[PDB]
Amino acid sequence: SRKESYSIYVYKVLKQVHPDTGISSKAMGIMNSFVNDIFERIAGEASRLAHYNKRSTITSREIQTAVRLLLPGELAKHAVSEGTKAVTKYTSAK
Amino acid sequence: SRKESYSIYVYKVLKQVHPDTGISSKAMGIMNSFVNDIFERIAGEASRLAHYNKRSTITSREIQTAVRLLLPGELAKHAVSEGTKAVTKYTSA
Amino acid sequence: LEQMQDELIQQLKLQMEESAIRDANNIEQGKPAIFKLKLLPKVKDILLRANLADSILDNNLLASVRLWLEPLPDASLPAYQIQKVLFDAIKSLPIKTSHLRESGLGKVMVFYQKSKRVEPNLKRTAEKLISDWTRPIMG
Amino acid sequence: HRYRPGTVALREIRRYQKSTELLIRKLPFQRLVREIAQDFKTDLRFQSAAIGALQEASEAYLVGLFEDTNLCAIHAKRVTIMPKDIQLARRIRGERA
Amino acid sequence: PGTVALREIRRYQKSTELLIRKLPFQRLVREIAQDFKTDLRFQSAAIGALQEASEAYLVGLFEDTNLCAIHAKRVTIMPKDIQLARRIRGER
Amino acid sequence: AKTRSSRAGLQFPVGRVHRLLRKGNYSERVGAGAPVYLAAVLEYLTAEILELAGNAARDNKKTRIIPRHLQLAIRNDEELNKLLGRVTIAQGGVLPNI
Amino acid sequence: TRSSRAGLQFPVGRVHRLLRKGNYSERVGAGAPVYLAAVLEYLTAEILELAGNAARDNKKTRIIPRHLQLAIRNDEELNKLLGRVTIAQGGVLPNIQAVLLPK
Amino acid sequence: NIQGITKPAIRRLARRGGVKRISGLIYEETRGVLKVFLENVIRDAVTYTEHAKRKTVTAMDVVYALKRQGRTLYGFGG
DNA sequence: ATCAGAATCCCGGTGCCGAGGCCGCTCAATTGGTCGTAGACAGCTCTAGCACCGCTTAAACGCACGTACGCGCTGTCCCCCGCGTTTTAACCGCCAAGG
DNA sequence: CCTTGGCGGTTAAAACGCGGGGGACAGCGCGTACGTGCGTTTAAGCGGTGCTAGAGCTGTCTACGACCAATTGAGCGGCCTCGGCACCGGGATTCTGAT
């Protein structure tokens, strides 16, 4: 049973922010559940927005405005900054 | 533009239930909002079940168990009975 | 406790399917079917454990059981040990209509009942099991 | 000797807001769950993780409810929580009609 | 003292008409909307829906406040009852 | 019986519900009796609500149903109010409760 | 890989496949999964930063659920975001009311 | 089996909730509230299990039933 | 205020078992190319939203006045806390009476 | 002599009785803040007319994403070993209530 998770990515992020810190398995499970939850919230908001605006496509505009709707002010601002930065860096190259 | 609403169907149901009663326009707006809301709830829960069980089809079982989850006891029992009766008679016919 | 049993039973299912494929290829390559015999002891030990029956039914291992019971395209029946062990396991577990629908073992059971190369004792057991499984449908 | 009533109470409060271990015994909760479940469908199993999750959720719910009850009791200028406090908290939450 | 208040309670519970004046409410809504994007237009039904939601919300909040005030063995609602109600509701 | 509503003895539109279920992005496939079942449930629920709304409008000696009577019907029914506890009704007022 | 092109560590292909197989829209643009992966990576980085701080505060080198609960309930924005979730083995914050304290 | 929730356990739960003094009827009140909560949650979980046709209620059934109520739980496979 | 003495934090040495790292592989993401349409863009209509102005009058308001209710203080007691004693029921060993 | 069914053990919170203190609750008294009434100012509301931004619609045209197909490496599973931490007894604080 080759079932997917986010454990390795969470571990990589942890070592990127905190090098000398580990994580238990139960906390890795909780972080995976957290990631899945936030994904589900954002995708549901994006879907509802797309259906409101009569569009067949989920683009980065829907994702950005769902982020704005969901997260609080400073958190949403930083997240939008990060997302825009990443999108421009990915688009500038190829 | 032809806008879609459940107004004529609510008139039909009302005359079936109360032949000598009428509905205001605002009460019909409320009823339309209610019908749309219930449809949205049921379809979303059916989709959630289908994804939970790795299914790509909404069959009457998913709708039945959605009604079981959403409605309270007696309401669920009567609505399940009504739906099964209607589905049985539509299949038979 | 029980999530772990489901994972182990799924691993057993994968091993059984792989062994069946390997034995079919070996027969197609002119070699006897040995992998099923090799896996038979572990499958027997797992099936004899009663408390794992619920997890077996939750993983639908009866599909792989039917796959093993399905005669190979060379019109050669499986080894008598495999048939006997699988029949004993089928008797030992509470098979309901839903499980049969998931697995579709009734077709293979009817084939075993109708066939004549099958052992007469297995024929009688197949008739008994088919009657028992038809019992709940009619009442 | 003897402590003032409420000193061991505060010691216990400090001790239990520090730990995270489940405060209900496992077998009684399992028996209660099976007793309740037996009224909807006979011969059900539960996974051990299903009982563990239920116990975690039930204790978290009860602790939040006890916090609201404590808030209500302090609002009434008292220290002892009472059934009317629980009923008021559950009504204000929107749980009892 | 306390009879005309009950009569007014009865009167206002028999009715459905909105209690906040419509134009002051419109001005308040525009003033609040002036922060998020300059020079916005509003549908009339938007302001009507906002007023209905606001009055329903406030009536529910006053119900909870009355419950708390009665709990404290009082009859007068005080700001700490509102604060307790918003705390228990989970409001920030 | 041409319309699918007639073949099921319903008043709600089976075809429109089918179109909305398909052109709504809910699942890859849709059954044949799911629209029928859902239309039956919706019609039953609307009849349930309209009965009590008619009762309330007849208790107020009124021939037309207004939002007040819908509010009364919902907030007076234990099961409907539990279903619709987080729903605001426009011009519905409140329940006399002293 | 598409994660490298965007300078990311989270997967772009996996997220695109999950959006594709989740019955969300008829088609999915190419800038949505990158943006969403960036948001998720930012949020997990914030969570893990505060949880590592909380675990060092307790002088531990490995994050347990208790530190996640403390980091969540101690940050105003996160605690508002995760307002309805309960964390198994997370406990509660130490909080004793003013009037209950002894005299 | 509802008497298995003893008085000390309710006392412990109230102490972790910061409660200093406890009435005598709080125990029965809490037992009733817990019974109602568990009844609803297990009913939803068994509904899910009936849809799945499984011989066990799984942890997924409980997690989805809590997500249904709004009591999202992390750390059990969600 | 001072004190003994219950509770607690603390220190350190000892075990362990789970986190972390590392090999093998397979499947899914990535590259390549092909098509069809969803949506961007422009241009056009005309509704309704803003804007103002005049006139009316019920509502708001400022104010006065009084009392009832909230809050502080006293008293009573009784029922929780803190504590020791007794209990119990999961599962066990040694035992007596009849075949 | 043996199998048979039976009575007495041990044991870890929990069940229980108890003292007694302090806290819930009741009563009382008073002062002010809120309700009630009245005369006065305000602007909401009602109605009217005007102007036009912008929303809703339509038609075009293309780049973007869906789809196949081939390909390879990242991420999975297995499995390994070390140290972070749990546990305990000793040492040492530090609060509690009593004096």
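In chain E, numbers come from Swiss-Prot; the residues present are 44-135, in order.
A Cβ is built for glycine as well, from the same backbone N, Cα and C atoms used for every other residue.
The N6-methyllysine feature in Swiss-Prot is assigned to E:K57, E:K65, E:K80 (among others). According to Swiss-Prot, the feature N6-acetyllysine maps to E:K57, E:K80 (among others), an assignment based on experimental evidence. Annotated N6-succinyllysine per Swiss-Prot: E:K57, E:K123 (among others), in sequence order. Look at Swiss-Prot and you will find E:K57, E:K80 (among others) tagged as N6-(beta-hydroxybutyryl)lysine. Positions annotated as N6-(2-hydroxyisobutyryl)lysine by Swiss-Prot, on the basis of experimental evidence: E:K65 (among others). Annotated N6,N6,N6-trimethyllysine per Swiss-Prot: E:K80 (among others), in sequence order, evidence recorded as similarity to another entry. What Swiss-Prot lists as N6,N6-dimethyllysine is E:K80.
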Check: Whole-number Å distance between the CA of E:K123 (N6-succinyllysine) and the CA of E:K80 (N6,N6,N6-trimethyllysine)?
Finding: 35
Item checked: Euclidean distance between Cα atoms of E:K65 (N6-methyllysine) and E:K57 (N6-methyllysine), Å -> 21
Next item on the list: Have a look at the modified residues (E:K57, E:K65, E:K80) and report the one with the fewest Cβ neighbours inside 10 Å.
Entry: E:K80
Next item on the list: Do me a favour and check the Cα-Cα span between E:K65 (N6-methyllysine) and E:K80 (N6,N6,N6-trimethyllysine); whole Å is fine.
Entry: 22
Check: Is there any among the modified residues E:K57, E:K65, E:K80, E:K123 whose Cβ is under 8 Å from chain F, and which ones, in sequence order?
Finding: E:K57
Item checked: Neighbour count (Cβ, 10 Å) for E:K123 (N6-succinyllysine) -> 13
Next item on the list: Please report the DSSP secondary structure of E:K57 (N6-methyllysine), reduced to three states.
Entry: coil
Next item on the list: Provide the three-state secondary structure of E:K65 (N6-methyllysine) computed with DSSP.
Entry: helix
